Amino acid sequence: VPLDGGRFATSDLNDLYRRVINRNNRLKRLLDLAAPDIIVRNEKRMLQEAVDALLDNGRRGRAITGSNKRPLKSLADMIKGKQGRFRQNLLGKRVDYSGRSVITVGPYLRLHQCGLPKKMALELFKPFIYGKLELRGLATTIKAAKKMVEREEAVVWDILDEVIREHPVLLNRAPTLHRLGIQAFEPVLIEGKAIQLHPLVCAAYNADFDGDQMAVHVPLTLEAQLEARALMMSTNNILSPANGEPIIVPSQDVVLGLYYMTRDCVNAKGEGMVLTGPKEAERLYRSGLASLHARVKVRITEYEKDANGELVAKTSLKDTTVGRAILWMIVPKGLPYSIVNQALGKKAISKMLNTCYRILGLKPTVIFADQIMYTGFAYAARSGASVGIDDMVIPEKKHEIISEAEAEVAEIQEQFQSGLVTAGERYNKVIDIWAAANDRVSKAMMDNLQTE
Amino acid sequence: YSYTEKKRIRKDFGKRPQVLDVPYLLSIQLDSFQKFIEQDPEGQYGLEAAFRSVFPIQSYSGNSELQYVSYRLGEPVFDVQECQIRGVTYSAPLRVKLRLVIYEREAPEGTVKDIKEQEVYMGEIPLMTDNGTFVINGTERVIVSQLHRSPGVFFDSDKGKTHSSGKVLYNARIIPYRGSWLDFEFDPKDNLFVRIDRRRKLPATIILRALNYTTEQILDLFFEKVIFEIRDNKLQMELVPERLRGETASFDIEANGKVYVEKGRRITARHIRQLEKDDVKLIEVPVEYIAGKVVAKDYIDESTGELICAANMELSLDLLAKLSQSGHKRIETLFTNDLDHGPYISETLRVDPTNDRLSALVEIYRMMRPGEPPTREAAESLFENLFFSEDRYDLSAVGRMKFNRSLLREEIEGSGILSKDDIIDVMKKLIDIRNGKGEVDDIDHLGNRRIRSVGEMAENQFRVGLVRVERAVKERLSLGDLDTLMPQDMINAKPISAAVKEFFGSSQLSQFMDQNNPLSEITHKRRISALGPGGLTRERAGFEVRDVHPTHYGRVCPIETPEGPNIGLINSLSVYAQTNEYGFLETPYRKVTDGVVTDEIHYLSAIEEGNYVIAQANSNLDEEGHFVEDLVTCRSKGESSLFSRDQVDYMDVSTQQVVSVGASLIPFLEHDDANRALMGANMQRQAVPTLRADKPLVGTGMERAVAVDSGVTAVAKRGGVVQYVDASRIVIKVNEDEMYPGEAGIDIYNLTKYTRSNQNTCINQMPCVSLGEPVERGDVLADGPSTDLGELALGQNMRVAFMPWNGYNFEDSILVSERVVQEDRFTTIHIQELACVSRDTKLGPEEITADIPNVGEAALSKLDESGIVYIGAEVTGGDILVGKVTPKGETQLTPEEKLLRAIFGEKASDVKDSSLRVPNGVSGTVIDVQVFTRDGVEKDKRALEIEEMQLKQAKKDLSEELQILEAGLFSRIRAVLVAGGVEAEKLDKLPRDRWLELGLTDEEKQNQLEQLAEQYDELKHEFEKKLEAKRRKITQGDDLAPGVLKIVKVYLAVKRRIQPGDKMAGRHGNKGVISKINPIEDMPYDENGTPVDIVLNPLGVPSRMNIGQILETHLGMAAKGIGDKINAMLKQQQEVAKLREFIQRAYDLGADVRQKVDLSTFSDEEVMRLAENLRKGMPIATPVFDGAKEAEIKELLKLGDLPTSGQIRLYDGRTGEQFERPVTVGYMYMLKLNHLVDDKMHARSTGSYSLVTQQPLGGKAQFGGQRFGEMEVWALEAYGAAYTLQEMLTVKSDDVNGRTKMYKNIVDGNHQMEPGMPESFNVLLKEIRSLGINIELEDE
Amino acid sequence: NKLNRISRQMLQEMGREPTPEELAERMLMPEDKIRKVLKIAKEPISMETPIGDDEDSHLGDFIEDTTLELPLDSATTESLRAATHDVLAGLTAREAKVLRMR
Amino acid sequence: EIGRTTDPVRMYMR
Amino acid sequence: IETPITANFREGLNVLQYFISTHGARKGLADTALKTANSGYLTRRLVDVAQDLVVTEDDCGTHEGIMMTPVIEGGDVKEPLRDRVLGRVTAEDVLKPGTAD
DNA sequence: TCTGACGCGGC
DNA sequence: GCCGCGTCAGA
Ligand SMILES: [Mg+2]
């Protein structure tokens, strides 16, 4: 094929082939001349050489081309690929109808939705647009449909509405760790060029917002859509395929907010008020006439699936904080109080999620997980946790323990120089005194800080 | 203080006074390349040495030598600006006066015929800019420095693997600058084998055999003989007490009558002294002992003459009898005490069956060229030329000096070729280390690793050019008849300049300059690469060299390197560090004369550094450099701890010499983890300039130096007062101080306007100072891109609040206020270039006119009749810029189409559309358009008119240039001419141009008058050719590539505003994307009512160990609090005095500072002006380690009138409720990165495919599809999702019939599938079928 | 061969470089032919040449085959043929066959 | 001794 | 090193201490890089070797099975029997601490 | 580099 | 008979 500008491009095989034919024709001529044995053999040598270099160069003297510095690529090389077969395997199968750009958070979105940028979908879903434009008769033909897509008037949005409704879309990230590196979602159009990902599943993708990009594929047929929505949908795969434990587990804001809410205090606003129900508690808190963390007696009815998933109402007095009562409101009637009754950390939250799945089932845990996300965000925001210079507390006896450790290591180095101690003994002594001193500093800061 | 410092003081923290000023950072490159191009009559590095090394070119036995006198670099015919315009490589012609001198055949030496060449051209050499860069295609390139392992000898062990039993077997590799390699290796049985480089394994002794040494001669020169006397009969040895070194006794050793040493008892020092004082020479010994030794010389049987025992033959009892009967009184055995002197040369000599020189040369030749019958002269010439050929063997002056240093010789310079002393000394030191009487060397040592700059590489490839030129020239020197041919017929410059420009352009170290900020440029210029010829491989090396050596202290920065596959292979040079004499590394240090710390700096290499005890900077010095502790903290054996005072020879000049400029600029590095510091600095170098330069609140003092060395600032090279300021011309009137009596004039500084940088960004200079200010030589006239008040102003500092904002600050993403976009402080200008090319096919010449069949007149409206976009017109994505049409007829349409052409009147236009569309979604203004027609073809009207516009522009502007300086000249002629007897009535009304003939009183006046009159003559003929010259460049038809008739360049200027998804970071490595931009009202606010800007995640704090940013935030907020209070008193405008007082209290703030304050400068002008400038927050200088302590920050926080905990209670701007727990607010310095979501966004629906493979590709300019990798395949396999996978692998990519049919199905709204045969599978069939292997798809 | 010998000579006589015009000048040729040969002078550069930095696309891996008409226009032509046949139906028997055969 | 010298030049020369 | 970095980022470190830490930082990141490319390649090898294993039958009728224990590594029962056996098909009926229960 | 198969060569 | 060595080959 000719390159632009007058230039030509040719395979190395063509030049090798050409030389092959040339030498063969010369051999034909040489035969017609009745050439001596020595020269006929040399020509047969050259022929054998050329042929075998042509098939697979590399078992000979490495017969490159004229002046082009790189060794010529033989027939074998064209097939034999790294890694794996050239055309069938990596790299790498390019596919149409795909896009790639940066992911962005988007707190208000629900578990099964995603922000899908405007201009991408405009380009991608072109034929769906054209088809429905012409079938509904909003546009006379596909050519006029093309001019009308390229202007981008009100008409485009209705067709966009109809395709994006029943389309499910796939999000992909290059480190395909497991099958959940691609999940199916319902796309929701948003302004901008940034993809919105649901926060909870960021942990599964191991994604962070520092310029990472994700890929977005379009299942085109109805069957693909079905397979995506049924088998590949995010909401269907909450459980890790590896172990039974959760994959879509809390990331960070959630636990922090919950901690603010779940944490108990000696005394705050409205210590020792006795409430006949949770909603009054929450009403009191929202007015700032009560703190979220305060030990309190609340009248709450736990419900139990003792029957075939029915409600087994037990109705009396619980002693908890305000915060756990409010969260327990959100909590569906099938969870035992016991679960929220405790400290609630990452441990407890994950076990809670797990137990919720096993006893309650799929949908309560799904919806409740969404709930937990929003609540955690809310109370995290109201907590107002920050990081000041005084927040990193130098433990009271720091320099004492440091100077003691310093004087003792200096004493043990000088008594090393004295020659009652091998290298092993010295190593043991140094490492153990440092370990014990460091653990002392650790445990003293933890003691000092925890109950202050 | 300096003029810029008098203009703006910055508060500088710091207890120790920085004694040495920061050196010029680009000196290494500039000065070394300068050294390359240098008339200097000696064998010193550069062109000269290379020339004399290869010159004089002697005739191939024709008796016509070519002699070299001297060279001259012509002044480049094309200036910098024009070359940037046309995409030419900027170079200068080198022309050399050369002489061929011819002897007669066969004259005794006396050249009859001598011919002289009139400076033939040997090609053009690309020249370096003042900034240190290179124009190769009208683009600024940089040559990266290349580190490599220095020539000499290396003694490596590589144990364990060496026979898998330990077996510590060492080797010396001799690496030259120029020449074949030497290798000495061992064997399990201790024989030293030579490998010329990596061929078969021969004994090392064979080369010595070839070298004319006999076996016995070798045993002489290696082993020290032992004298064995025979007295009356039986075999006695003469033994010197010290010789017995480590030796169990085998006999009963009687001496002088008494048994001394018992047989077996280890000889003690007592026994040694016993024998010494007894004066024992000779001791009787049994012939059993001697029956176990070896015989050195070939001791003959004296009776007949017959040899019996040979050179290195085992001694046995009977042969001892044979020798004693023959009558040799003194027998020489060898000293080989296997612990010290082991079986090495003996066994090696035995294992080498070759004997004489000739057989050694034969086996040499048969190893080097195995199978061709050896001819003596061929083998000798081969072997000699391998190591003793002057042209072939150069170790380097460096290598030779280091070699002699390694072998402990005072004498520095050797003869390049391998002298045999060297060779033997090499094997001596190798077998020294093999016993263990030497150290093994480390590759990673700075003294063993040499740095190769520009000039040395240039010299290398130029030398290779000269060698091939010599082969060609001398070849033509021998055939042709000598007399008539002059020294130009033989020499073609083409392969020289071809190979040089191959090297210069097509190389890893020559790369496109990153032109975004000065930091990037400076680091690039001082970047050091481990690759290239004579250099390392990325896969080969290796944990070894990547790791951080102790020698780097105060010489290389450990923390500045790309975080890619490249880490360790970069290592940029530190601040105070320089290159030594031999291209090595040296560091300056302060003397300490035992108690007082002197001020003298001496550069020491690594070897010297190992010797002396150098103190750290962090030691307190009182009144004369006196340290407080008796036992002070220093390093002498390369390892730090406590030493006492009466020992310290030297001391660090300052702490800042350890780290490079970039790492040194990040504040409070001591409190930042190394990981995030490194990553921060790396990303920080890639930061892009915004619209508005301001200044970092917390600097280091270095920001002036950084700006100074940057070549984007304009610097005053004479000193004086600014005469005229324009946004195109900055004219300075020099003071009479620096005024040249001979040709002074005024100083004119032409500014740079929005031209495209390598990143397509804005590079514009704004003038800082005002008309009539007196300024000095080297003052900062106009600040460049993102540079202000003299200083680098990389980004902007914003109010951040640490709190969670309902999962909007989720992960590393950033929440930001609408007020940031509102002010337009983060909107970038990008100047993008597009080119429209009109080629000539044989289908017919393409045209640029507006005549374009069936296009909308919307696109035509913006085009002139010529078809060119209007200058300054604002367009949108898709819009047509430059019209182009191409020949296209004979459609050969299907029936129905012909039918419709008849019916509707569809008149077939024979020309296709080609006109230049704007890319998808990009919209900006045309700032300029360029048109390049090759000479010959008929220029279009608009091109002609715009080239006339540019013409007359250049004309007018240069005329203005000439006339301003001429007006200055003429004014000066009148001020001299009115002097000497004042006459201004008579003179004023005579004409001005009638003054060359004038004359007056004879002294300075008359001489200067004639000077300036001839300056007028010079300016007139100078300008008129300077014009003609420019009108030759514009007038000349522009030299285009073959096949292209004409070309039009169009510059688009896009103003790109910040949006959600762009990448932003701070200096500490914390980064993130803008997730949503919220109105100001939404954000929490203080009691005062000022609302916050950014909300940063507190959960981002604990694992990110960069805590210094919090200190910076507090000090930065209190700093703005200072600016607040001063602004308030400015708003009230009390009086100069009270603000000056307050500001002074600010400037001092306690004591222990190196500040040195005013009253120095102006009491009111500079003060109130500066005050106005400081309303925005006082710019401080925190040094990296000798910086502001937390307590001083607290003190200033009191002076800032803010809470000492730095937290304020915040009211939620949405709801109005206050938060529990108050939070830290304040300013931190943020940057918006070069990673713009606009570019990171890409999607493709349908487009161009690959020619051979039917998979999707990028040809639409709408980039190609995602790769469906094996990973993704596996993902699909994990689900049962078979139809999706099958579509994606085939129907979506490689199925030709299927995608078109399925497209139609999509338009029709049909959802089925038709996978067909994937073309890749057909590729497979065809590749197998191309072979002799039959693959048939069977059926059943 | 003449071209390149003169190329060698003209560069050494001029010093700077040899412009295409000056060589054509010195020869008795019609001048038009050097630029033609200059176009012809570009040697075959290999289609299999790997790209800059030797990536797993070679040079052939850029070049696209513009011959393939896009499925879009084939759909247009399909719609076109359907519309033509419906307007054919508006015509009489033999008038339709007239245009059908033509 | 022949060390796989594939070069037909050498053999022919011999 | 025997003497550690006694200071913290609140306090201030020096030249030497920072130098000590640079090694580990760079070494760590270089390990994470080149040994993760190693681990990826390893993984690819495991996936590729084990690909053919698919569920073809419901039940072949094997009586064979593996006697599973609680992994009692030293100090305690790090993973108990229930957890180890959770979700598994049994080979035969298990009896209580009493025969025929 | 590494882990290794199969000759290849040598002992 | 098993062990370095040398060739061949996947990343
Ligand atoms: Mg990330």
# chains A, B, ... in the order shown; residues from 1 in each chain; ligands from 1

call {"tool": "residues_around", "arguments": {"residues": "residue 9 (chain G)", "least_positions_apart": "3", "cutoff": "12 Å", "atoms": "only C-alpha atoms (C1' of nucleotides)", "output": "ChimeraX atom specification"}}
result
/A:58 /F:4-5

call {"tool": "residues_around", "arguments": {"residues": "residue 6 (chain A)", "least_positions_apart": "6", "cutoff": "12 Å", "atoms": "only C-alpha atoms (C1' of nucleotides)", "output": "list in words"}}
result
residues 839, 840, 841, 842, 1041, 1042, 1043 and 1044 of chain B; 36, 37, 38, 39, 40, 41, 42, 43, 44 and 45 of chain C

call {"tool": "interface_residues", "arguments": {"of": "chain E", "to": "chain G", "cutoff": "12 Å", "atoms": "only C-alpha atoms (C1' of nucleotides)", "output": "MDAnalysis selection string"}}
result
chainID E and resid 37:38 40:42 44:45

call {"tool": "write_last_selection", "arguments": {"atoms": "N, CA, C and O atoms", "output": "PDB file, in the first residue's frame"}}
result
ATOM      1  N   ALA E  37       3.878  -7.881  38.950  1.00  0.00           N
ATOM      2  CA  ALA E  37       3.848  -8.374  37.572  1.00  0.00           C
ATOM      3  C   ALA E  37       4.171  -9.871  37.535  1.00  0.00           C
ATOM      4  O   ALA E  37       3.564 -10.640  36.769  1.00  0.00           O
ATOM      5  N   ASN E  38       5.034 -10.297  38.479  1.00  0.00           N
ATOM      6  CA  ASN E  38       5.388 -11.705  38.661  1.00  0.00           C
ATOM      7  C   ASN E  38       4.182 -12.515  39.094  1.00  0.00           C
ATOM      8  O   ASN E  38       3.915 -13.606  38.568  1.00  0.00           O
ATOM      9  N   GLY E  40       0.979 -11.669  38.792  1.00  0.00           N
ATOM     10  CA  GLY E  40       0.033 -11.694  37.685  1.00  0.00           C
ATOM     11  C   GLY E  40       0.342 -12.812  36.709  1.00  0.00           C
ATOM     12  O   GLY E  40      -0.564 -13.524  36.259  1.00  0.00           O
ATOM     13  N   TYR E  41       1.616 -12.930  36.319  1.00  0.00           N
ATOM     14  CA  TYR E  41       2.009 -13.967  35.368  1.00  0.00           C
ATOM     15  C   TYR E  41       1.728 -15.352  35.953  1.00  0.00           C
ATOM     16  O   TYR E  41       1.219 -16.244  35.256  1.00  0.00           O
ATOM     17  N   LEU E  42       2.157 -15.561  37.210  1.00  0.00           N
ATOM     18  CA  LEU E  42       1.820 -16.754  37.994  1.00  0.00           C
ATOM     19  C   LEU E  42       0.333 -17.101  37.927  1.00  0.00           C
ATOM     20  O   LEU E  42      -0.030 -18.247  37.632  1.00  0.00           O
ATOM     21  N   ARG E  44      -1.931 -16.096  35.787  1.00  0.00           N
ATOM     22  CA  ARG E  44      -2.275 -16.463  34.422  1.00  0.00           C
ATOM     23  C   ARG E  44      -1.941 -17.923  34.163  1.00  0.00           C
ATOM     24  O   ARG E  44      -2.713 -18.646  33.518  1.00  0.00           O
ATOM     25  N   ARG E  45      -0.793 -18.370  34.670  1.00  0.00           N
ATOM     26  CA  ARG E  45      -0.439 -19.776  34.556  1.00  0.00           C
ATOM     27  C   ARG E  45      -1.444 -20.689  35.265  1.00  0.00           C
ATOM     28  O   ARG E  45      -1.855 -21.716  34.701  1.00  0.00           O
TER      29      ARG E  45
END

call {"tool": "residues_around", "arguments": {"residues": "residue 12 (chain D)", "least_positions_apart": "6", "cutoff": "9 Å", "atoms": "only C-alpha atoms (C1' of nucleotides)", "output": "PyMOL selection string"}}
result
chain A and resi 38-39+41-42

call {"tool": "residues_near_ligand", "arguments": {"ligand": "ligand 1", "cutoff": "8 Å", "atoms": "only C-alpha atoms (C1' of nucleotides) and all ligand atoms", "output": "count of residues only"}}
result
8

call {"tool": "residues_around", "arguments": {"residues": "residue 1 (chain D)", "least_positions_apart": "2", "cutoff": "9 Å", "atoms": "only C-alpha atoms (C1' of nucleotides)", "output": "PDB file with C-alpha atoms, in the first residue's frame"}}
result
ATOM      1  CA  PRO B 370      37.751 -21.189  14.589  1.00  0.00           C
ATOM      2  CA  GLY B 371      38.368 -23.347  11.516  1.00  0.00           C
TER       3      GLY B 371
ATOM      4  CA  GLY D   3      31.919 -25.592  14.903  1.00  0.00           C
TER       5      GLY D   3
END
